[PDB]
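Enquirer: Attaching a single structure in structure tokens format; questions to follow.
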Amino acid sequence: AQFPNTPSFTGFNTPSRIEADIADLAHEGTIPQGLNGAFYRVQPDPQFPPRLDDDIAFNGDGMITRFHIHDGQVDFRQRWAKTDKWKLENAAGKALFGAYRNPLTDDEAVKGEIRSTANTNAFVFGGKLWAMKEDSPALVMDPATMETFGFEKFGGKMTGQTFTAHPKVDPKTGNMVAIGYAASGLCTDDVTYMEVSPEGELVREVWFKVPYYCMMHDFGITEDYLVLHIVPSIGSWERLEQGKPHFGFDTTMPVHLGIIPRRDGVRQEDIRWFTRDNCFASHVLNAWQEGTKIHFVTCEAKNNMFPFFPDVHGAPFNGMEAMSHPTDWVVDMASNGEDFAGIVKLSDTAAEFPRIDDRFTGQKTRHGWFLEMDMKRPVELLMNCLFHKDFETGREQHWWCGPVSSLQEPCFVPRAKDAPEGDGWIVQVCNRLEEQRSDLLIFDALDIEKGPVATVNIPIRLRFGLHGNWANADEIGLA
Ligand SMILES: Oc1ccc(/C=C/c2cc(O)cc(O)c2)cc1
Ligand SMILES: [Fe+3]
């Protein structure tokens with residue numbers, strides 16, 4: 001196939017499209033014997049050249065990578081997420097769906113079809129592997145064979161059109177907590193709040209409305225609440241009719257924070273909204289309650305972080321104002337009015353792709369891990385450091401991948417099911433950009449600054465990844 005000669009399909013973005021198996025990858029150092037499970041991650045990877053002259057990275061078909069770590073070795077398996085899109089285009093021999101989140105650029109033959117690329121998260125829950133994309137139901141797969149089952153509509157009990165790619169698991173109940181925005185159609189202000197039992201059943205689905213339609217990419221949960229940030233990366237049908245990127249950023253609009261009680265029969269009037277001045281925030285580290293306060297830790301930038309979803313008023317992209325920092329948004333359920341109680345910058349380190357020890361989701365956490373952009377480092381060819389913060393001592397650790405590499409999202413793996421918070425490992429893919437290959441790095445999570453304890457060579461160049469997760473062998477049929 002002939003792909004376009006553009007930055008989205010060349011260099012680091014050259015198409016790969018590899019399905020593969022490798023046993024016992026070559027490595028340096030010591031792979032911890034204590035690791036027994038698998039790290040799943042997803043890369044957008046176009047099956048076909050795009051319908052339009054160009055495309056963006058968020059729009060490639062989801063390709064799922066699994067690193068099965070056991071007995072001191074790492075095995076590699078990679079397979080397509082066989083979405084309806086993937087199947088339809090595979091049969092036609094060509095692209096049928098068009099631009100990102102824009103059905104007006106699709107072939108008439110796929111009108112009304114689910115558009116998901118399942119390319120944003122690879123998540124294990126309830127014995128299934130979930131390949132997720134926030135414009136559609138999630139695609140469920142077999143975590144062991146990595147075959148595709150199909151889209152999860154919960155037998156038809158799901159009434160919304162969409163399902164998040166940033167699900168959260170409630171440690172108290174074991175439920176998956178999810179939202180689905182644009183729930184009644186593209187660009188609508190309807191959102192569902194959903195919980196899924198460990199058994200896979202949709203046990204709650206609550207419809208509500210948000211102040212305005214926007215990219216509701218992530219959210220937080222607390223013991224009693226779902227915490228939803230409303231950030232003005234906005235879209236509209238008018239944008240799509242005109243061929244603009246679906247989203248653009250409006251610096252003139254306020255940011256809101258919605259507090260949704262996690263209970264049955266929640267009404268619109270039960271939801272509380274707080275309001276602050278414009279900023280950009282996408283990913284949520286964690287959120288928790290303290291007394292009457294809710295703490296909501298996100299990575300906040302002064303302005304838009306997506307150059308390909310541009311400023312709606314024509315402004316050129318401002319790299320400096322896209323630097324994000326871990327920030328606590330604090331609201332007080334006992335106050336009157338909409339003002340935030342506090343907006344507290346927690347580090348001067350520029351950081352994104354935040355992660356916690358997910359066993360403590362919705363509770364006060366001591367540790368966070370991030371990708372860091374350290375603009376003071378040499379670059380001889382961009383997230384170039386792993387960053388850990390101990391929020392109780394304030395101590396920060398940094399590990400630099402060197403001047404010819406970059407890093408993908410870290411994932412925390414507990415040492416044992418009863419281990420203290422953060423007692424375990426970080427795994428992450430490293431892009432060896434000059435050598436055109438990839439490594440899987442393994443760190444001691446509380447001592448990242450000494451460097452990885454193992455470097456596992458991947459003889460396939462991996463593409464830009466989005467989100468990834470660990471599951472123990474007994475959760476994925478590999479025990
Ligand atoms: O369909 C998609 C929609 C949104 C996203 C968001 C990705 C993202 C990437 C970053 O580097 C920082 C960030 O805060 C968010 C990915 C896929
Ligand atoms: Fe994300």
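Identifiers for the structure tokens are assigned positionally: chains receive A, B, ... in sequence, residues are indexed from 1 per chain, and ligands are indexed from 1 in the order shown.
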Residues within 7 Å of ligand 1, counting only C-alpha atoms and all ligand atoms: report them as number ranges by chain.

Expert: A: 58-59, 120, 133-134, 217, 281-283, 305, 352-353, 466

Enquirer: Mind listing the strand (DSSP E or B) residues of stretch 34-116 of chain A, per DSSP on the backbone, as a ChimeraX atom specification?

Expert: /A:37-44,62-70,73-80

Enquirer: Hey, can you spit out that residue selection with N, CA and C atoms as a PDB file, in the first residue's frame?

Expert:
```
ATOM      1  N   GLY A  37       2.592 -11.864  35.238  1.00  0.00           N
ATOM      2  CA  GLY A  37       1.399 -11.253  34.682  1.00  0.00           C
ATOM      3  C   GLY A  37       1.781 -10.630  33.363  1.00  0.00           C
ATOM      4  N   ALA A  38       1.024  -9.608  32.966  1.00  0.00           N
ATOM      5  CA  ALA A  38       1.265  -9.026  31.660  1.00  0.00           C
ATOM      6  C   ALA A  38       0.925  -7.546  31.650  1.00  0.00           C
ATOM      7  N   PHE A  39       1.771  -6.799  30.930  1.00  0.00           N
ATOM      8  CA  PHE A  39       1.603  -5.391  30.634  1.00  0.00           C
ATOM      9  C   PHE A  39       1.043  -5.268  29.221  1.00  0.00           C
ATOM     10  N   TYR A  40      -0.146  -4.695  29.114  1.00  0.00           N
ATOM     11  CA  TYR A  40      -0.805  -4.433  27.837  1.00  0.00           C
ATOM     12  C   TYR A  40      -0.740  -2.947  27.503  1.00  0.00           C
ATOM     13  N   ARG A  41      -0.478  -2.630  26.238  1.00  0.00           N
ATOM     14  CA  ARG A  41      -0.498  -1.247  25.787  1.00  0.00           C
ATOM     15  C   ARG A  41      -0.975  -1.247  24.341  1.00  0.00           C
ATOM     16  N   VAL A  42      -1.411  -0.086  23.884  1.00  0.00           N
ATOM     17  CA  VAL A  42      -1.993   0.055  22.556  1.00  0.00           C
ATOM     18  C   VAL A  42      -1.289   1.161  21.797  1.00  0.00           C
ATOM     19  N   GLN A  43      -1.036   0.902  20.510  1.00  0.00           N
ATOM     20  CA  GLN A  43      -0.530   1.908  19.612  1.00  0.00           C
ATOM     21  C   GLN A  43      -1.500   2.109  18.449  1.00  0.00           C
ATOM     22  N   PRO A  44      -1.852   3.351  18.119  1.00  0.00           N
ATOM     23  CA  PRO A  44      -2.499   3.606  16.823  1.00  0.00           C
ATOM     24  C   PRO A  44      -1.577   3.197  15.684  1.00  0.00           C
ATOM     25  N   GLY A  62      -6.242   0.581  16.341  1.00  0.00           N
ATOM     26  CA  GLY A  62      -5.583   0.118  17.555  1.00  0.00           C
ATOM     27  C   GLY A  62      -4.861  -1.195  17.324  1.00  0.00           C
ATOM     28  N   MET A  63      -3.566  -1.228  17.665  1.00  0.00           N
ATOM     29  CA  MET A  63      -2.763  -2.455  17.674  1.00  0.00           C
ATOM     30  C   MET A  63      -2.338  -2.701  19.113  1.00  0.00           C
ATOM     31  N   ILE A  64      -2.660  -3.888  19.641  1.00  0.00           N
ATOM     32  CA  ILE A  64      -2.478  -4.234  21.055  1.00  0.00           C
ATOM     33  C   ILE A  64      -1.183  -5.010  21.225  1.00  0.00           C
ATOM     34  N   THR A  65      -0.346  -4.551  22.156  1.00  0.00           N
ATOM     35  CA  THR A  65       0.904  -5.203  22.525  1.00  0.00           C
ATOM     36  C   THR A  65       0.774  -5.757  23.940  1.00  0.00           C
ATOM     37  N   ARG A  66       1.252  -6.978  24.128  1.00  0.00           N
ATOM     38  CA  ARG A  66       1.293  -7.592  25.450  1.00  0.00           C
ATOM     39  C   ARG A  66       2.706  -8.077  25.738  1.00  0.00           C
ATOM     40  N   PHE A  67       3.204  -7.719  26.917  1.00  0.00           N
ATOM     41  CA  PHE A  67       4.454  -8.224  27.469  1.00  0.00           C
ATOM     42  C   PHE A  67       4.089  -9.134  28.626  1.00  0.00           C
ATOM     43  N   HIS A  68       4.216 -10.443  28.409  1.00  0.00           N
ATOM     44  CA  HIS A  68       3.960 -11.436  29.436  1.00  0.00           C
ATOM     45  C   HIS A  68       5.257 -11.669  30.197  1.00  0.00           C
ATOM     46  N   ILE A  69       5.306 -11.195  31.438  1.00  0.00           N
ATOM     47  CA  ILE A  69       6.492 -11.307  32.280  1.00  0.00           C
ATOM     48  C   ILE A  69       6.263 -12.431  33.278  1.00  0.00           C
ATOM     49  N   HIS A  70       7.119 -13.461  33.239  1.00  0.00           N
ATOM     50  CA  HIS A  70       7.002 -14.602  34.140  1.00  0.00           C
ATOM     51  C   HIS A  70       8.350 -15.278  34.224  1.00  0.00           C
ATOM     52  N   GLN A  73      11.472 -13.934  32.535  1.00  0.00           N
ATOM     53  CA  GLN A  73      11.568 -13.697  31.103  1.00  0.00           C
ATOM     54  C   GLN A  73      10.392 -12.836  30.674  1.00  0.00           C
ATOM     55  N   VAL A  74      10.507 -12.252  29.487  1.00  0.00           N
ATOM     56  CA  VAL A  74       9.435 -11.465  28.899  1.00  0.00           C
ATOM     57  C   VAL A  74       9.129 -12.048  27.524  1.00  0.00           C
ATOM     58  N   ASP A  75       7.866 -12.403  27.309  1.00  0.00           N
ATOM     59  CA  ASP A  75       7.349 -12.796  26.002  1.00  0.00           C
ATOM     60  C   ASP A  75       6.539 -11.648  25.419  1.00  0.00           C
ATOM     61  N   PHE A  76       6.484 -11.605  24.094  1.00  0.00           N
ATOM     62  CA  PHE A  76       5.884 -10.514  23.338  1.00  0.00           C
ATOM     63  C   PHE A  76       4.792 -11.074  22.445  1.00  0.00           C
ATOM     64  N   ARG A  77       3.612 -10.455  22.489  1.00  0.00           N
ATOM     65  CA  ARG A  77       2.541 -10.801  21.567  1.00  0.00           C
ATOM     66  C   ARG A  77       1.859  -9.518  21.140  1.00  0.00           C
ATOM     67  N   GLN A  78       1.598  -9.399  19.841  1.00  0.00           N
ATOM     68  CA  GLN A  78       0.955  -8.215  19.297  1.00  0.00           C
ATOM     69  C   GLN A  78      -0.132  -8.614  18.312  1.00  0.00           C
ATOM     70  N   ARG A  79      -1.314  -7.995  18.450  1.00  0.00           N
ATOM     71  CA  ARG A  79      -2.463  -8.335  17.626  1.00  0.00           C
ATOM     72  C   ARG A  79      -3.320  -7.104  17.384  1.00  0.00           C
ATOM     73  N   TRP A  80      -3.999  -7.110  16.245  1.00  0.00           N
ATOM     74  CA  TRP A  80      -4.966  -6.068  15.955  1.00  0.00           C
ATOM     75  C   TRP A  80      -6.148  -6.149  16.905  1.00  0.00           C
TER      76      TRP A  80
END
```

Enquirer: Quick one: everything within 12 Å of residue A:413, counting only C-alpha atoms, minus sequence neighbours fewer than 2 positions away in the same chain. Send it as an MDAnalysis selection string.

Expert: chainID A and resid 32 34:39 69 355:359 369 410:411 415:417 419:428 442:446 468:472

Enquirer: Using only C-alpha atoms, which protein or nucleic acid residues come within 9 Å of residue A:83? Drop anything in the same chain fewer than 6 positions from it, and give the result as an MDAnalysis selection string.

Expert: chainID A and resid 61:62 114:118 139 148 150:151

Enquirer: Mind listing the alpha helix (DSSP H) residues of stretch 76-317 of chain A, per DSSP on the backbone, as a list in words?

Expert: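 Selection result, alpha helix (DSSP H) within stretch 76-317 of chain A: residues 84, 85, 86, 87, 88, 89, 90, 91, 92, 237, 238, 239, 240 and 241 of chain A.
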
Enquirer: Would you output that residue set with C-alpha atoms, as a PDB file, in the first residue's frame?

Expert:
```pdb
ATOM      1  CA  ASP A  84     -15.998  -3.145  13.146  1.00  0.00           C
ATOM      2  CA  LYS A  85     -13.969  -0.496  11.339  1.00  0.00           C
ATOM      3  CA  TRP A  86     -11.016  -2.865  11.045  1.00  0.00           C
ATOM      4  CA  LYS A  87     -13.224  -5.667   9.733  1.00  0.00           C
ATOM      5  CA  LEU A  88     -15.091  -3.509   7.227  1.00  0.00           C
ATOM      6  CA  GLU A  89     -11.923  -1.953   5.838  1.00  0.00           C
ATOM      7  CA  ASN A  90     -10.130  -5.318   5.761  1.00  0.00           C
ATOM      8  CA  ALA A  91     -12.946  -6.745   3.606  1.00  0.00           C
ATOM      9  CA  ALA A  92     -13.039  -3.712   1.304  1.00  0.00           C
ATOM     10  CA  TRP A 237     -21.229  19.869  13.791  1.00  0.00           C
ATOM     11  CA  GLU A 238     -20.445  23.202  12.165  1.00  0.00           C
ATOM     12  CA  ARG A 239     -16.724  22.460  12.592  1.00  0.00           C
ATOM     13  CA  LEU A 240     -17.191  19.050  10.921  1.00  0.00           C
ATOM     14  CA  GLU A 241     -19.275  20.390   8.042  1.00  0.00           C
TER      15      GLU A 241
END
```

Enquirer: Excluding stretch 340-349 of chain A and residues on its chain fewer than 2 positions from it, collect all residues at most 10 Å away from it, counting only C-alpha atoms, and give them as a PDB file with C-alpha atoms, in the first residue's frame.

Expert:
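Written file, out-v7.pdb:
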```pdb
ATOM      1  CA  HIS A 256     -15.828  23.572  35.458  1.00  0.00           C
ATOM      2  CA  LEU A 257     -15.614  20.671  37.883  1.00  0.00           C
ATOM      3  CA  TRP A 273     -20.638  22.444  39.651  1.00  0.00           C
ATOM      4  CA  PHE A 274     -17.567  24.507  40.523  1.00  0.00           C
ATOM      5  CA  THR A 275     -16.063  27.060  38.153  1.00  0.00           C
ATOM      6  CA  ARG A 276     -12.609  28.556  37.600  1.00  0.00           C
ATOM      7  CA  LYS A 293     -13.045  18.817  50.515  1.00  0.00           C
ATOM      8  CA  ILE A 294     -12.429  16.995  47.259  1.00  0.00           C
ATOM      9  CA  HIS A 295      -8.864  16.949  46.016  1.00  0.00           C
ATOM     10  CA  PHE A 296      -8.526  16.511  42.254  1.00  0.00           C
ATOM     11  CA  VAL A 297      -4.925  16.177  41.028  1.00  0.00           C
ATOM     12  CA  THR A 298      -4.476  16.765  37.321  1.00  0.00           C
ATOM     13  CA  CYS A 299      -1.700  17.950  35.032  1.00  0.00           C
ATOM     14  CA  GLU A 300      -2.608  21.560  34.272  1.00  0.00           C
ATOM     15  CA  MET A 323       3.788  22.795  29.632  1.00  0.00           C
ATOM     16  CA  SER A 324       1.682  20.958  32.229  1.00  0.00           C
ATOM     17  CA  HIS A 325       2.380  20.538  35.954  1.00  0.00           C
ATOM     18  CA  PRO A 326       0.828  18.293  38.622  1.00  0.00           C
ATOM     19  CA  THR A 327      -1.804  20.494  40.257  1.00  0.00           C
ATOM     20  CA  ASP A 328      -4.357  19.950  43.034  1.00  0.00           C
ATOM     21  CA  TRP A 329      -7.815  21.372  42.300  1.00  0.00           C
ATOM     22  CA  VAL A 330      -9.578  21.589  45.669  1.00  0.00           C
ATOM     23  CA  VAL A 331     -13.325  22.206  46.076  1.00  0.00           C
ATOM     24  CA  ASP A 332     -15.323  22.322  49.293  1.00  0.00           C
ATOM     25  CA  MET A 333     -18.713  20.624  49.324  1.00  0.00           C
ATOM     26  CA  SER A 335     -19.008  26.055  50.740  1.00  0.00           C
ATOM     27  CA  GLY A 337     -21.124  29.125  45.348  1.00  0.00           C
ATOM     28  CA  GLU A 338     -18.919  27.959  42.530  1.00  0.00           C
ATOM     29  CA  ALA A 351       4.833  16.280  33.675  1.00  0.00           C
ATOM     30  CA  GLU A 352       2.034  14.322  31.974  1.00  0.00           C
ATOM     31  CA  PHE A 370       4.705  10.672  35.307  1.00  0.00           C
ATOM     32  CA  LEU A 371       6.352  11.229  31.989  1.00  0.00           C
ATOM     33  CA  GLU A 372       8.493  14.337  32.235  1.00  0.00           C
ATOM     34  CA  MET A 373       9.607  16.827  29.630  1.00  0.00           C
ATOM     35  CA  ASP A 374      12.948  18.243  30.847  1.00  0.00           C
ATOM     36  CA  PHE A 387       9.428  11.277  37.068  1.00  0.00           C
ATOM     37  CA  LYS A 389       7.128  12.283  43.316  1.00  0.00           C
ATOM     38  CA  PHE A 391       3.989  13.825  47.887  1.00  0.00           C
ATOM     39  CA  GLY A 394       8.103  16.136  48.626  1.00  0.00           C
ATOM     40  CA  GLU A 396      11.324  14.092  43.474  1.00  0.00           C
ATOM     41  CA  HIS A 398      14.085  11.741  37.742  1.00  0.00           C
TER      42      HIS A 398
END
```

Enquirer: Go through A:477, A:155, A:314, A:354 and flag the residue nearest ligand 2, using only C-alpha atoms and all ligand atoms for the distances.

Expert: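 Distance minimum relative to ligand 2 lands on A:354.
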
Enquirer: Just checking: using only C-alpha atoms and all ligand atoms, which residue out of A:171, A:378, A:465, A:211 ends up closest to ligand 2?

Expert: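 Nearest candidate to ligand 2 out of A:171, A:378, A:465, A:211: A:465.
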
Enquirer: Smallest atom-to-atom distance to residue A:473: which of A:97, A:395, A:3, A:144, using only C-alpha atoms?

Expert: A:144

Enquirer: To one decimal place in Å, what is the distance between atom CA of residue A:272 and atom CA of residue A:194?

Expert: 18.0 Å

Enquirer: Write out as a list in words which residues come within 7 Å of residue A:214 when counting only C-alpha atoms, dropping same-chain ones fewer than 5 positions away.

Expert: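 Here the qualifying residues turn out to be residues 231, 232, 233, 234 and 235 of chain A.
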
Enquirer: Would you list the contacts of residue A:56 as a ChimeraX atom specification, taking every protein, DNA or RNA residue within 9 Å and counting only C-alpha atoms, but skipping same-chain residues closer than 2 positions in sequence?

Expert: /A:8-9,54,58-60,99-100,308

Enquirer: In terms of the shortest atom-to-atom distance over only C-alpha atoms, which of A:186, A:158, A:433, A:215 is closest to residue A:407?

Expert: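 Closest to residue A:407, using only C-alpha atoms: A:433.
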
Enquirer: Interatomic distance between atom CA of residue A:102 and atom CA of residue A:202?

Expert: 28.6 Å

Enquirer: Restricting the calculation to only C-alpha atoms: of A:457, A:242, A:14, A:397, which residue gets closest to residue A:29?

Expert: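 Using only C-alpha atoms, residue A:29 sits closest to A:457.
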
Enquirer: So, counting only C-alpha atoms and all ligand atoms, which residue among A:218, A:107, A:113, A:321 is closest to ligand 2?

Expert: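 Among the listed residues, A:218 lies closest to ligand 2.
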
Enquirer: One number please: atom CA of residue A:400 to atom CA of residue A:385, in Å, one decimal.

Expert: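 Between atom CA of residue A:400 and atom CA of residue A:385 the gap is 4.4 Å.
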